[PDB]
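Q: Residue numbers (the authors' numbering), protein chains in the order written: chain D5, 1 to 38; chain DN, 1 to 136; chain DJ, 8 to 141; chain DI, 2 to 136; chain DW, 1 to 94; chain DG, 2 to 177. Backbone N, C-alpha and C fix where the C-beta goes; we use that ideal spot for every residue, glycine too.
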Amino acid sequence: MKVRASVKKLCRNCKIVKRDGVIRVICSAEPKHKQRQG
Amino acid sequence: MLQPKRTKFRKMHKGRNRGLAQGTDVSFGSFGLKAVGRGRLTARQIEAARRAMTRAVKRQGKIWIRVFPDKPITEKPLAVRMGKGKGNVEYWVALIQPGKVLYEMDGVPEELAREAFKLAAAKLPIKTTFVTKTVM
Amino acid sequence: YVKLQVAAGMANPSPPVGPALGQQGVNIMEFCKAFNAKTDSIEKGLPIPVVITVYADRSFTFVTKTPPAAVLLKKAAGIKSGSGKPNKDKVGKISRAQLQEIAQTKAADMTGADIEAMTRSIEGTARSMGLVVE
Amino acid sequence: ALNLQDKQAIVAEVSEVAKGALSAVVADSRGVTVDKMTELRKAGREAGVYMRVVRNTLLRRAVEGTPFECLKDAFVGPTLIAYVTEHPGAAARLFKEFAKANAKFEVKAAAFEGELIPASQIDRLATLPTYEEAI
Amino acid sequence: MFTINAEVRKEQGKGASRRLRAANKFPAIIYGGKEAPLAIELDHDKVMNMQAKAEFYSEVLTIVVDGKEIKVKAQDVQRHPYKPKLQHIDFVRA
Amino acid sequence: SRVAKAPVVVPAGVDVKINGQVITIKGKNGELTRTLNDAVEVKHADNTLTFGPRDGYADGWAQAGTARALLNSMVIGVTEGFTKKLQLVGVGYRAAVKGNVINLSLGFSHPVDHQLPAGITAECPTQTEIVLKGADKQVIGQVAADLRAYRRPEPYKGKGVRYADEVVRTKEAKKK
RNA sequence: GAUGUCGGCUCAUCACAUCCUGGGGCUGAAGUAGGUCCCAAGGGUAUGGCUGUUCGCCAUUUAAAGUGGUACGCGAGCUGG
RNA sequence: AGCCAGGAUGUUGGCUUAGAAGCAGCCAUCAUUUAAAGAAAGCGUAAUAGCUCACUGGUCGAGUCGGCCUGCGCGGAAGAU
Ligand SMILES: [Mg+2]
Ligand SMILES: [Mg+2]
Ligand SMILES: [Mg+2]
Ligand SMILES: [Mg+2]
Ligand SMILES: [Mg+2]
Ligand SMILES: [Mg+2]
Ligand SMILES: [Mg+2]
Ligand SMILES: [Mg+2]
Ligand SMILES: [Mg+2]
Ligand SMILES: [Mg+2]
Ligand SMILES: [Zn+2]
Numbered sequence: 001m002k003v004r005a006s007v008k009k010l011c012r013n014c015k016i017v018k019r020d021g022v023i024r025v026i027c028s029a030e031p032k033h034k035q036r037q038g
Numbered sequence: 001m002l003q004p005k006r007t008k009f010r011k012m013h014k015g016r017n018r019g020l021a022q023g024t025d026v027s028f029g030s031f032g033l034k035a036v037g038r039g040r041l042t043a044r045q046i047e048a049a050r051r052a053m054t055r056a057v058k059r060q061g062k063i064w065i066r067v068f069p070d071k072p073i074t075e076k077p078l079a080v081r082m083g084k085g086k087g088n089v090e091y092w093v094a095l096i097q098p099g100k101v102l103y104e105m106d107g108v109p110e111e112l113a114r115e116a117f118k119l120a121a122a123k124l125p126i127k128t129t130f131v132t133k134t135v136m
Numbered sequence: 008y009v010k011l012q013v014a015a016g017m018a019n020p021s022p023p024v025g026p027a028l029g030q031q032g033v034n035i036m037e038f039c040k041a042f043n044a045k046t047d048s049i050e051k052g053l054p055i056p057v058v059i060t061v062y063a064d065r066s067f068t069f070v071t072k073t074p075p076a077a078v079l080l081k082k083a084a085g086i087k088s089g090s091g092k093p094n095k096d097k098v099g100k101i102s103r104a105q106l107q108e109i110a111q112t113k114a115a116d117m118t119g120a121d122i123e124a125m126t127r128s129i130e131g132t133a134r135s136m137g138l139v140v141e
Numbered sequence: 002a003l004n005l006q007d008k009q010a011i012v013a014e015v016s017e018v019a020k021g022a023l024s025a026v027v028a029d030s031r032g033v034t035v036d037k038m039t040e041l042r043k044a045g046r047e048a049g050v051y052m053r054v055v056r057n058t059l060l061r062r063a064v065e066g067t068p069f070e071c072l073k074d075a076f077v078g079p080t081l082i083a084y085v086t087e088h089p090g091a092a093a094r095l096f097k098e099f100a101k102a103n104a105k106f107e108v109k110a111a112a113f114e115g116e117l118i119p120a121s122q123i124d125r126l127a128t129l130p131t132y133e134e135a136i
Numbered sequence: 001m002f003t004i005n006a007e008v009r010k011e012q013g014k015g016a017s018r019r020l021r022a023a024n025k026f027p028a029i030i031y032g033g034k035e036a037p038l039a040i041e042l043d044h045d046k047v048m049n050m051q052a053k054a055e056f057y058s059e060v061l062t063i064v065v066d067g068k069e070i071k072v073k074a075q076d077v078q079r080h081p082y083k084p085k086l087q088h089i090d091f092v093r094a
Numbered sequence: 002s003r004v005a006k007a008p009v010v011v012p013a014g015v016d017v018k019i020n021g022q023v024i025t026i027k028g029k030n031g032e033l034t035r036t037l038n039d040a041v042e043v044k045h046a047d048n049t050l051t052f053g054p055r056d057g058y059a060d061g062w063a064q065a066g067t068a069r070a071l072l073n074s075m076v077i078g079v080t081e082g083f084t085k086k087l088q089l090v091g092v093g094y095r096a097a098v099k100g101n102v103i104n105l106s107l108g109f110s111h112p113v114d115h116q117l118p119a120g121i122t123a124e125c126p127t128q129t130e131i132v133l134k135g136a137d138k139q140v141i142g143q144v145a146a147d148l149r150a151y152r153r154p155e156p157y158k159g160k161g162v163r164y165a166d167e168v169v170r171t172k173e174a175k176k177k
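1. Report the rounded CA-to-CA distance for residue 29 (chain DW) versus residue 84 (chain DW), giving the unit in angstroms.
2. Could you tell me if residue 165 (chain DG) is buried or exposed, where buried requires 16 or more neighbouring beta carbons within 10 angstroms of its beta carbon?
3. Which residues in chain DW have a C-beta closer than 8 Å to the C-beta of residue 129 (chain DN)? List them in chain order.
4. Mind checking residue 6 (chain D5): buried by the 16 CB within 10 Å criterion, or exposed?
5. What in chain DW is Cβ-close to residue 136 (chain DN), meaning under 8 Å?
6. Can you tell me where the beta strand (DSSP E) with residue 106 (chain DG) in it begins and where it stops?
7. When the Cα atoms are used, what is the spatial distance from residue 84 (chain DI) to residue 8 (chain DJ)?
8. Can you tell which of 65 (chain DI), 42 (chain DI), 47 (chain DI), 48 (chain DI) has its C-alpha closest to the C-alpha of residue 54 (chain DI)?
9. Got a sec, what are the start and stop residues for the beta strand (DSSP E) residue 4 (chain DW) sits in?
10. From the DSSP output, which residues share a beta bridge with residue 39 (chain DJ)?
11. Since I believe residue 75 (chain DI) is in contact with residue 12 (chain DI) (beta carbons under 8 Å), could you give me their beta-carbon distance rounded to a whole number of angstroms?
12. Could you tell me whether the segment 12-24 of chain DN touches the segment 111-118 of chain DN, using the rule of 3 or more Cβ pairs below 8 Å?
13. Would you say residue 28 (chain DW) lies against chain DN (beta-carbon separation less than 9 Å)?
14. Please go through the segment 27-84 of chain DG and give each complete alpha helix (DSSP H) segment of 4 or more residues, from N-terminal end onward.
15. Using C-beta distances below 8 Å, list every residue in its chain close to residue 85 (chain DN), excluding the 5 sequence neighbours before and after it, in chain order.
16. Can you list, in chain order, the residues of its chain with a C-beta nearer than 6 Å to that of residue 64 (chain DJ)? Leave out the 5 residues immediately preceding and following it.
17. What do you reckon, is the C-beta of residue 99 (chain DN) under 8 Å from a heavy atom of ligand 2?
18. For a test of the three-state rule: what should DSSP assign to residue 28 (chain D5), helix, strand or coil?
19. When you compare only the Cα positions, how much space is there between residue 132 (chain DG) and residue 88 (chain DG)?
20. Give me the pocket residues for ligand 2, defined as CB within less than 7 Å of any heavy atom, sorted by chain position.
21. Beta carbons nearer than 7 Å to chain DN: which residues of the segment 30-60 of chain DW have them?
22. For residue 41 (chain DN), would you say it is in contact with chain DW, using Cβ-to-Cβ distances shorter than 9 Å as the test?
23. With a Cβ-Cβ cutoff of 9 Å, do residue 71 (chain DJ) and residue 59 (chain DJ) count as a contact?
24. Under 9 Å, do residue 84 (chain DJ) and residue 129 (chain DJ) count as touching if we go by C-beta distance?
25. Can you name, in chain order, every residue of its own chain whose Cβ lies under 8 Å from the Cβ of residue 43 (chain DW), other than the five neighbours on each side?
26. Let me know the secondary structure DSSP gives residue 129 (chain DJ) once reduced to three states.
27. Could you confirm whether any beta carbon from chain DW is found closer than 9 Å to the beta carbon of residue 35 (chain DN)?
28. If you follow the alpha helix (DSSP H) that residue 107 (chain DJ) is in, where does it begin and where does it stop?
29. Can you find the residues in the same chain that come closer than 7 Å, C-beta to C-beta, to residue 136 (chain DJ), ignoring five residues on each side of it along the sequence?
30. Would you call the segment 27-38 of chain DG in contact with the segment 79-98 of chain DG, where contact means no fewer than 3 C-beta pairs closer than 8 Å?
31. Go through its chain and collect everything with a Cβ distance to residue 57 (chain DW)'s Cβ below 6 Å, but skip five positions before and after it.
32. Select from 81 (chain DW), 32 (chain DW), 82 (chain DW), 41 (chain DW) the residue whose C-alpha is nearest the C-alpha of residue 71 (chain DW).
33. Identify each residue in the segment 9-27 of chain DN for which the Cβ-Cβ distance to at least one residue of chain DW is less than 7 Å, and report them in chain order.
34. When DSSP builds the beta bridges, which residues end up paired with residue 128 (chain DN)?
35. So, with DSSP's three-state summary, where would you put residue 49 (chain DW)?
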């Protein structure tokens with residue numbers, strides 16, 4: 001989990017999702033691409 | 001790093017930075033990076049942004065810098081009281097008003113100029129926009 | 008099932024063919040002499056490609072293919088090794104009569120319908136190795 | 002991406018080859034490698050047969066200009082056409098052996114004389130010999 | 001052929017022109033010839049999309065001012081300092 | 002919306018009972034009941050179920066699509082049913098069923114006994130296989146997630162409880 | 001027309017940017033042991049050698065020897081280096 | 001959008017290297033069978049294999065894609081009684 005002000009898609013398998021008012025990046029291919037805006 | 005080679009005077013009044021820019025069109029190249037905001041660009045900021053756009057285009061095409069840091073900025077060091085003369089010149093700034101075309105480019109496709117200008121914009125303290133040359 | 012490129016009358020050394028096909032389960036003395044017995048008609052100093060077909064009982068059957076396109080362009084131009092930087096450095100020259108000679112030999116493996124279709128397929132192998140058409 | 006200029010041109014090229022050819026074969030080719038296909042393209046050009054895969058929408062358009070306007074109901078699923086421009090037959094025999102030897106696909110329907118041939122009755126254009134047999 | 005619909009301006013000056021732009025419209029002028037210059041107002045979106053084509057600045061355009069048709073050529077343009085907007089256009093009678 | 006507009010065909014033998022927002026779907030494989038969101042207007046009529054938004058509800062179409070999806074898998078549940086298959090990977094990792102309890106040996110000091118809920122039944126065809134069956138798609142998914150949770154697949158050998166249809170990507174350990 | 005200064009002693013009280021213990025994501029996480037970030041303030045969080053020292057260096061501990069605010073907390077509570 | 005099927009041939013392109021066969025690097029990047037298939041976007045092998053994408057045929061059946069001008073919100077957002 002990477003927590004930062006600037007959360008982006010890092011590859012084609014990255015997906016932007018808003019869960020409970022928090023922008024997150026969830027990736028099906030790379031665990032290092034998992035992000036939470038904060 | 002840009003700087004006047006010589007000046008009539010060393011120091012300058014603070015002044016103000018009201019108004020809209022002169023030199024709002026893409027005059028030399030095909031694309032431009034335009035100021036949307038108001039502020040001061042330092043010589044170091046201008047050099048950082050010039051480096052970013054130049055690396056991006058793999059030193060292909062041509063680049064123009066429409067801005068020049070000709071305004072000297074003084075500063076008083078730590079543990080120095082007020083007065084006892086105007087401070088010493090530390091760096092140089094260009095005064096920026098909304099609308100100035102800061103940089104121009106040609107000899108590269110639009111997609112590459114947009115990316116090179118995106119990278120350069122991230123080094124600047126003021127909001128910018130991507131502009132293209134127009135017929136009049 | 009493996010693909011290799013062995014010499015016309017040479018098949019036995021360890022570094023090129025040895026543990027490359029032997030690791031799967033192929034007889035090293037049975038194939039080496041059955042290959043050279045059929046490639047005896049093929050000229051000296053020409054690498055000939057062969058495809059191996061192996062089954063569950065360690066048995067094997069092979070089909071001999073025509074020499075490679077990047078192989079025949081070297082003997083036609085009079086070169087041992089190609090260019091390190093193709094189209095940037097010229098290493099030889101081959102005529103239009105030499106292009107049709109390689110194409111008529113490669114006809115058994117080529118996908119082309121006409122002679123002009125097979126000749127253009129050899130023209131592409133020549134450009135990508137530094138050899139200019141003259 | 003296929004433009005309408007491209008679509009019109011493909012209808013034009015298949016409408017021209019429709020007029021000239023004598024026997025046309027419509028079949029399926031889903032689940033067959035390119036190695037076996039480039040092998041049926043070499044066996045096709047040799048027998049004077051024109052081989053193509055065309056969008057079924059584009060076929061219903063090339064076939065509307067007569068006499069294959071009965072092959073319409075075979076333009077459902079992957080469609081591969083075999084237009085024999087030189088000597089009637091060739092394809093209907095070439096496809097039957099390719100179908101049996103590879104087990105994949107089924108072969109939809111055949112066309113000749115401007116009449117529809119069902120999937121079971123393709124033994125009519127499979128038993129026909131040479132031109133070149135009457136002597 | 002570019003056809004621009006315009007109305008004559010009922011006002012003039014700084015106040016009136018800023019009010020036009022706040023209403024998604026913009027002032028423009030038509031001059032040249034023996035005729036008196038004609039101060040007009042244009043729809044911003046309509047003329048903005050038109051001028052995106054290079055032909056707008058080369059071709060003879062037609063301005064429709066209260067039924068009447070005026071053959072013109074784009075003479076000068078004042079663009080917004082940083083936004084993709086038009087502030088004013090000069091048309092010369094062709 | 003595209004999901005909501007697609008009608009659910011209720012087959013012969015399936016009974017549908019609607020009491021406002023409460024829907025009871027009875028079949029050969031059991032009975033399931035759900036309370037649909039107020040934004041969902043459900044219509045019976047013929048051998049089908051149709052779903053639409055209710056006037057004055059801002060999320061009607063998003064709700065009607067969920068309600069559709071749910072009722073479709075309720076119908077499948079009480080007829081065909083659902084099947085979740087799990088497989089145990091690792092030395093000594095074994096499973097067994099004793100009525101409604103799954104006994105799991107998963108490298109712990111104490112063996113794990115997992116109590117199955119109402120409507121879910123399990124059978125072990127092998128010592129390294131768990132087959133779950135039930136009418137509720139949500140409850141079977143929950144039980145399969147709960148069993149997998151005891152030892153989730155590890156990234157170095159693929160060891161643990163995995164779903165049969167699960168892709169377990171492995172990796173090499175840090176070099177030196 | 002006076003708001004006593006550094007450090008110590010005694011006694012503390014709050015914050016959390018968390019030192020330990022607790023939960024967790026990523027790891028260039030095999031295990032053991034770590035790195036980094038997120039959550040978490042419930043409690044816990046050395047004694048000595050030198051120096052007025054706070055600090056620091058050093059010795060030996062400890063799960064750990066947190067970082068800060070409180071008139072750089074605390075002399076009508078003590079000390080007075 | 002999803003799902004079915006293909007993703008070929010010269011060829012293991014040339015150079016280099018113990019090996020480099022689309023997939024360490026460097027240079028070139030055409031041509032053929034074509035519905036379409038980069039002398040190859042990423043993972044994998046000691047090198048091969050193997051998995052998938054760009055692209056295309058089928059199925060489905062009416063919408064779908066992301067830039068511009070704007071209103072109001074969201075994260076970024078930790079402190080001491
Ligand atoms: Mg939550
Ligand atoms: Mg005023
Ligand atoms: Mg007093
Ligand atoms: Mg915290
Ligand atoms: Mg950090
Ligand atoms: Mg505490
Ligand atoms: Mg320690
Ligand atoms: Mg104090
Ligand atoms: Mg006292
Ligand atoms: Mg599609
Ligand atoms: Zn990703």
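A: So, from the data block:
1. Looking at the backbone, the Cα of residue 29 (chain DW) and that of residue 84 (chain DW) are separated by about 20 Å.
2. Burial is judged here by how many other beta carbons sit within 10 angstroms of a residue's own beta carbon; residue 165 (chain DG) has fewer than 16 and is exposed.
3. For residue 129 (chain DN), the neighbours in chain DW by C-beta distance under 8 Å run, in chain order, 82.
4. It is exposed - the Cβ of residue 6 (chain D5) has fewer than 16 other Cβ atoms within 10 Å.
5. For residue 136 (chain DN), the neighbours in chain DW by C-beta distance under 8 Å run, in chain order, 57, 74, 76, 77.
6. Start and end: 102-106.
7. So the alpha carbons of these two residues sit roughly 37 Å apart.
8. Closest by alpha carbon: 42 (chain DI).
9. Run containing residue 4 (chain DW): 3-8, per the beta strand (DSSP E) assignment.
10. DSSP, once it has assigned bridges, lists no residue as partnering residue 39 (chain DJ).
11. Wrong, their Cβ atoms sit about 17 Å apart, outside the cutoff.
12. Counting Cβ pairs under 8 Å, fewer than three are found: no touch.
13. Residue 28 (chain DW) has a beta carbon lying at 9 Å or more from every beta carbon in chain DN.
14. Qualifying alpha helix (DSSP H) stretches, in chain order: 61-78.
15. Here the set comprises nothing.
16. So no residue of the chain qualifies.
17. Result no, Cβ not under 8 Å from ligand 2.
18. Here residue 28 (chain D5) sits in coil by DSSP.
19. Between the C-alpha atoms of residue 132 (chain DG) and residue 88 (chain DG) there is a straight-line separation of about 9 Å.
20. Residues with their Cβ less than 7 Å from any non-hydrogen atom of ligand 2, running along the chain, are 14 (chain DW), 15 (chain DW).
21. Within the segment 30-60 of chain DW, those residues whose Cβ lies closer than 7 Å to any Cβ of chain DN are, in chain order, 54, 57.
22. No, its Cβ sits nowhere closer than 9 Å to a Cβ of chain DW.
23. The answer is no: Cβ separation not under 9 Å.
24. No, these two residues do not count as a Cβ contact at 9 Å.
25. Only 5, 24, 25 meet the Cβ criterion.
26. Helix, per DSSP.
27. Yes, contact with chain DW.
28. 103-113 is the span of the alpha helix (DSSP H), which, as asked, contains residue 107 (chain DJ).
29. So the list reads 77, 80, 89, 90, 93, once near-sequence residues are dropped.
30. Yes: at least three Cβ pairs fall under 8 Å.
31. Shown here for residue 57 (chain DW): same chain residues with a beta carbon closer than 6 Å to its own, the five before and five after excluded, namely 74 in chain order.
32. Comparing Cα positions, the closest option is 32 (chain DW).
33. Sequence-ordered contacts of the segment 9-27 of chain DN with chain DW read 20, 21, 24 [C-beta pairs closer than 7 Å].
34. Its beta-bridge partners are 35 (chain DN).
35. Reduced to three states, the DSSP call for residue 49 (chain DW) is helix.
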